[PDB]
Amino acid sequence: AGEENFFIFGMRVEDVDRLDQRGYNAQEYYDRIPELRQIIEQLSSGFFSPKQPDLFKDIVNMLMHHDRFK
Amino acid sequence: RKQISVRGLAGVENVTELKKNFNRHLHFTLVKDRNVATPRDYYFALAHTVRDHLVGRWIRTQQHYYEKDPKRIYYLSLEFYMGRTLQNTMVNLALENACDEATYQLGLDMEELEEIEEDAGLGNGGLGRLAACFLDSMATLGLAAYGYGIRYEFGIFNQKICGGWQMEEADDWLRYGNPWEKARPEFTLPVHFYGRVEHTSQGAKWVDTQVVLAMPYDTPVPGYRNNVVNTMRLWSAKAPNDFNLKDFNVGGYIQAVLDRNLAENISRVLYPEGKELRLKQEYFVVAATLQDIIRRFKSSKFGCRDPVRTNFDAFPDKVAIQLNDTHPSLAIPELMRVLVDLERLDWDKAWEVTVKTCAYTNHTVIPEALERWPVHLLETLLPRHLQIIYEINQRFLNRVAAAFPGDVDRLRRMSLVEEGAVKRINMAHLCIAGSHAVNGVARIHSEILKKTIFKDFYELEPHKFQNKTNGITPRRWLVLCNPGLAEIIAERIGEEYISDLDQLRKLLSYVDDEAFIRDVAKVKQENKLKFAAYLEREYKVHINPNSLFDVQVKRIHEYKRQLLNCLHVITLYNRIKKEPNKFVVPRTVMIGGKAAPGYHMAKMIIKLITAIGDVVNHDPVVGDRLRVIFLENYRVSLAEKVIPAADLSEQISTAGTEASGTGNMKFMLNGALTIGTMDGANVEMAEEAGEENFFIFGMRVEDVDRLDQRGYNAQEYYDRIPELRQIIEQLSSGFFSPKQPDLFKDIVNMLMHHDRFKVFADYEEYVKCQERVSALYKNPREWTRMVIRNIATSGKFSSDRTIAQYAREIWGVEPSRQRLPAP
Ligand SMILES: Nc1ncnc2c1ncn2[C@@H]1O[C@H](COP(=O)(O)O)[C@@H](O)[C@H]1O
Ligand SMILES: *Cc1c(COP(=O)(O)O)cnc(C)c1O
């Protein structure tokens with residue numbers, strides 16, 4: 001198709017291998033990236049869940065603290 | 001009739017009498033003979049000779065509570081880790097010397113026979129050890145208490161270590177009788193299941209329910225020389241046996257041979273998810289129990305003291321119940337069903353009584369571990385019950401609303417009905433609302449309840465949330481298990497300590513008396529001495545008596561961290577090998593404890609410990625400077641051999657996790673220095689003994705939240721600490737596992753990339769605090785004066801203190817070490 005003709009992005013295999021080697025910490029991205037910080041805090045307040053705000057709690061921790069898939 | 005008395009049948013501290021009794025029971029109770037008796041047999045001759053006395057005073061005490069009619073207390077716990085009765089009974093009734101002599105004059109040795117008893121397998125860990133202590137303290141305080149649980153027939157598993165892997169065999173401790181128990185077929189009760197609630201005219205009726213029988217078994221519990229003897233009453237489930245033709249359900253189909261075995265295995269085993277049997281086991285223990293509880297309120301004289309309704313108004317004056325952990329919560333709506341539906345009160349006169357009866361001990365901190373049953377699951381087998389929980393719920397949320405008006409979100413958090421995919425009933429929140437007292441079991445713990453877990457229950461009900469720090473009996477865990485240290489502490493200050501433990505501060509005088517200090521150190525030389533030997537006799541190893549007996553006995557679970565301890569032992573191993581001729585204090589590291597089946601991490605840590613064992617214990621360069629031993633089938637009678645022998649108690653969990661920890665304590669009283677993190681019951685020990693008599697280390701709860709805050713990243717500790725990096729690469733290459741290199745792949749990876757508990761983080765600090773430990777062991781007079789200071793301070797940890805605090809601030813009765821009359 002041609003590389004231009006394709007929206008191919010993000011990490012390739014090397015960088016994940018290299019981030020597994022240098023330890024991946026999810027907090028560090030959260031503290032820089034500003035709309036991210038914002039939407040995680042939205043998920044915890046229970047923006048997207050008023051009746052059980054608490055409900056998405058495990059998606060947060062999964063990400064925040066223990067995500068294999070980056 | 002008056003002619004039929006307890007009276008003529010004894011001689012008590014009398015050799016010749018007990019030798020006469022022993023010969024009857026061997027030949028008339030046992031219908032055995034000297035020409036035929038086993039060791040197993042001479043302990044049922046002896047245990048029966050020691051039981052006569054144990055029951056004559058039970059006869060007397062129970063009559064004594066009917067006549068005195070004291071408010072009664074009932075500890076509802078699904079696990080009583082009793083474990084070995086001959087000696088606690090011999091020493092709580094003071095017949096040990098007289099017996100030792102009788103059996104001795106007969107020509108058997110009493111110690112032989114003592115070891116044939118298999119531990120009374122009705123328990124599992126913390127929760128259930130505790131309950132067992134509280135019975136010896138509650139009898140001793142002359143309180144009219146009771147212990148009610150299930151009699152498990154197969155306990156929980158016995159641990160076998162085969163191929164350095166854990167094999168779970170079955171505990172049929174019930175194999176040749178348990179002489180300490182009495183079967184009462186005649187008080188069998190219906191426990192009801194499934195069914196439907198037919199609401200008729202004046203209420204609702206719970207119709208069409210399967211019935212299971214609850215048979216009781218009575219085990220007398222002797223207080224310490226105060227002549228009381230209470231009861232632990234456990235229930236054995238049993239099938240109805242109409243199953244053949246009587247009912248016209250069978251004949252044509254006995255596929256309900258099933259009903260029969262699903263019923264018997266409520267009493268078959270301990271547990272060990274939302275399982276229909278766990279709830280069956282919970283309801284079962286409660287219900288047959290609440291009919292004995294209400295029965296005695298009617299029959300124990302109070303049938304002639306009715307005044308009005310044989311009133312259940314006089315019920316919280318004269319009965320008291322304890323929910324020891326959410327495993328009896330159904331006692332609360334089981335009681336509201338008995339009062340409203342079966343008796344006939346209105347729902348407030350029924351609730352007043354229930355909330356004025358139930359007090360519930362807590363022992364959990366993490367949300368994730370509070371009890372929560374699915375409501376459909378309560379619909380099918382307990383339909384009336386989940387109707388009564390919903391009543392409770394409506395009203396409790398209307399109270400809450402009277403109080404925090406406008407807040408809906410609090411209402412939707414405090415309710416007993418949790419919502420998600422699969423709605424559940426917060427058995428935690430049931431317990432709190434149906435109670436006049438909630439209490440953690442250690443100060444840091446009770447406060448985190450009020451602060452973070454149970455908080456909206458404390459703004460609403462502040463007064464309710466107390467605490468009553470855990471404690472241990474001194475009789476099992478110092479006299480019985482340590483006659484030697486029992487002996488020299490008697491020399492310098494006499495008995496009242498055994499019956500009054502903060503009286504051990506008197507020992508702070510002797511801190512520098514060279515007699516004392518040779519004698520505390522000598523008693524320990526000899527406790528280690530015999531344990532080196534069973535570690536040869538009953539299992540195998542070459543122990544060096546003269547080493548730092550480093551022990552760690554915990555639930556083999558990730559957060560308890562025997563992988564922090566595995567890393568320090570690989571680090572001594574490496575050290576002693578890079579430099580074979582440096583003086584490093586010789587150690588015997590010993591770890592023991594059960595996995596609990598199917599937990600794969602745990603089962604791999606038990607193998608890790610034995611892999612390391614095999615390597616260091618066969619490395620010739622090492623000699624006896626280092627040995628790693630896995631103790632197998634840790635249970636109450638090992639705990640009583642290993643604890644006298646320990647010099648270092650390793651109480652190392654992640655800062656913030658242990659809620660308290662009953663064994664923390666067992667060690668202190670037995671003179672062993674504690675290495676451990678600032679959490680649980682370390683917190684009030686490092687306060688009682690003064691911090692510098694303690695080896696407190698690591699991260700504090702403070703800096704664990706902090707670590708989570710900037711995100712713990714294991715690899716950075718990996719990249720600075722050079723001995724760590726070394727052990728990780730040893731684990732992976734299969735230095736410890738040569739035939740399968742890749743065998744510890746999971747543990748490694750765990751540590752390195754997803755350890756919820758921050759083992760690496762406490763690795764520099766822990767190796768250095770141990771360096772300071774071997775340093776102080778290298779100087780016998782100061783390590784012994786630390787020890788004297790930790791023993792002198794044990795008092796804040798008697799179960800006699802804890803039980804007192806129960807009797808006075810929750811159950812409302814008064815302790816008494818006064819002797820009851822009897823025989
Ligand atoms: N009405 C009573 N009068 C005197 N002693 C009693 C009475 N009821 C029970 N006991 C004693 O208490 C023991 C336990 O009673 P129960 O609660 O029926 O298991 C009995 O074995 C007797 O020793
Ligand atoms: C006291 C005791 C326990 C308690 O475990 P902790 O780690 O101390 O809470 C466990 N097992 C036995 C045999 C005990 O006596």
# chains A, B, ... in the order shown; residues from 1 in each chain; ligands from 1
$ interface_residues --of "chain A" --to "chain B" --cutoff "7 Å" --atoms "only C-alpha atoms" --output "PyMOL selection string"
chain A and resi 22-23+25+27+65-66
$ residues_around --residues "residue A:43" --least-positions-apart "4" --cutoff "12 Å" --atoms "only C-alpha atoms" --output "JSON, numbers by chain"
{"A": [36, 37, 38, 39, 47, 48, 49, 50, 52, 53, 54, 55, 56, 57, 58, 59, 60, 61, 63, 64]}
$ residues_near_ligand --ligand "ligand 2" --cutoff "6 Å" --atoms "only C-alpha atoms and all ligand atoms" --output "VMD selection string"
chain B and resid 125 to 126 129 554 635 to 636 639 661 to 664
$ write_last_selection --atoms "C-alpha atoms" --output "PDB file, in the first residue's frame"
ATOM      1  CA  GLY B 125      -4.903 -20.278  61.231  1.00  0.00           C
ATOM      2  CA  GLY B 126      -5.141 -16.953  63.028  1.00  0.00           C
ATOM      3  CA  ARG B 129      -6.268 -20.190  67.001  1.00  0.00           C
ATOM      4  CA  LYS B 554       3.155 -17.928  58.472  1.00  0.00           C
ATOM      5  CA  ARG B 635      -0.004 -26.893  63.215  1.00  0.00           C
ATOM      6  CA  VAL B 636      -0.607 -26.122  66.986  1.00  0.00           C
ATOM      7  CA  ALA B 639       4.104 -24.261  67.046  1.00  0.00           C
ATOM      8  CA  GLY B 661      -1.033 -11.520  64.378  1.00  0.00           C
ATOM      9  CA  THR B 662      -1.379 -13.903  67.338  1.00  0.00           C
ATOM     10  CA  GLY B 663       2.031 -15.624  66.875  1.00  0.00           C
ATOM     11  CA  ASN B 664       3.955 -12.346  67.014  1.00  0.00           C
TER      12      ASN B 664
END
$ atom_distance --atom1 "atom CA of residue B:529" --atom2 "atom CA of residue B:544"
9.2 Å
$ residues_around --residues "stretch 24-26 of chain B" --least-positions-apart "5" --cutoff "12 Å" --atoms "only C-alpha atoms" --output "MDAnalysis selection string"
chainID B and resid 17:19 31:52 179
$ write_last_selection --atoms "C-alpha atoms" --output "short mmCIF file (atom, residue, chain, number, x, y, z; two decimals), in the first residue's frame"
data_model
loop_
_atom_site.label_atom_id
_atom_site.label_comp_id
_atom_site.auth_asym_id
_atom_site.auth_seq_id
_atom_site.Cartn_x
_atom_site.Cartn_y
_atom_site.Cartn_z
CA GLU B 17 -6.33 -43.41 92.93
CA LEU B 18 -5.44 -42.33 89.34
CA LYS B 19 -3.36 -45.65 88.83
CA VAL B 31 -11.80 -53.53 76.61
CA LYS B 32 -8.20 -53.91 75.89
CA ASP B 33 -5.61 -55.52 78.03
CA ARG B 34 -1.85 -55.20 78.82
CA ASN B 35 -1.33 -58.30 76.74
CA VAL B 36 -2.79 -56.36 73.82
CA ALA B 37 -2.42 -52.63 74.33
CA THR B 38 -0.71 -50.37 71.98
CA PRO B 39 0.84 -46.91 72.88
CA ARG B 40 -2.34 -45.49 71.17
CA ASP B 41 -4.21 -47.61 73.72
CA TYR B 42 -2.44 -46.55 76.92
CA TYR B 43 -3.24 -42.87 76.00
CA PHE B 44 -7.06 -43.73 75.97
CA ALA B 45 -6.59 -45.44 79.32
CA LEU B 46 -4.71 -42.27 80.57
CA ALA B 47 -6.96 -39.65 78.66
CA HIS B 48 -9.97 -41.37 80.08
CA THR B 49 -8.39 -41.35 83.64
CA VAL B 50 -7.77 -37.58 83.18
CA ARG B 51 -11.32 -37.04 81.73
CA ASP B 52 -13.20 -38.19 84.91
CA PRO B 179 -11.77 -38.95 73.90
#
$ residues_near_ligand --ligand "ligand 1" --cutoff "7 Å" --atoms "only C-alpha atoms and all ligand atoms" --output "PyMOL selection string"
chain B and resi 58-60+62-64+66-67+296+300-301
$ atom_distance --atom1 "atom CA of residue B:56" --atom2 "atom CA of residue B:97"
19.9 Å
$ closest_residue --among "B:743, B:472, B:786, B:270" --to "residue B:665" --atoms "only C-alpha atoms"
B:472
$ closest_residue --among "A:41, A:17, A:10, A:70" --to "residue A:29" --atoms "only C-alpha atoms"
A:70
$ atom_distance --atom1 "atom CA of residue B:666" --atom2 "atom CA of residue B:471"
9.2 Å
$ residues_around --residues "stretch 146-158 of chain B" --least-positions-apart "5" --cutoff "9 Å" --atoms "only C-alpha atoms" --output "PyMOL selection string"
chain B and resi 72-80+120-124+131-132+135+138+167-174+216-217+230-237+265-272+281+284-286+289+594+596+633-635
$ closest_residue --among "B:585, B:166, B:181, B:796" --to "residue B:602" --atoms "only C-alpha atoms"
B:166
$ select_by_dssp --residues "stretch 45-248 of chain B" --states "alpha helix (DSSP H)" --output "ChimeraX atom specification"
/B:45-68,86-92,96-106,110-114,126-140
$ closest_residue --among "B:729, B:619, B:814, B:705" --to "residue B:573" --atoms "only C-alpha atoms"
B:619
$ residues_around --residues "residue B:813" --least-positions-apart "3" --cutoff "8 Å" --atoms "only C-alpha atoms" --output "JSON list (two decimals) with C-alpha atoms, in the first residue's frame"
[["chain", "number", "residue", "atom", "x", "y", "z"],
["B", 71, "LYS", "CA", -25.82, -13.40, 81.45],
["B", 143, "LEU", "CA", -17.19, -16.38, 82.81],
["B", 807, "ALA", "CA", -16.49, -8.75, 79.32],
["B", 808, "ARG", "CA", -16.41, -5.10, 80.54]]
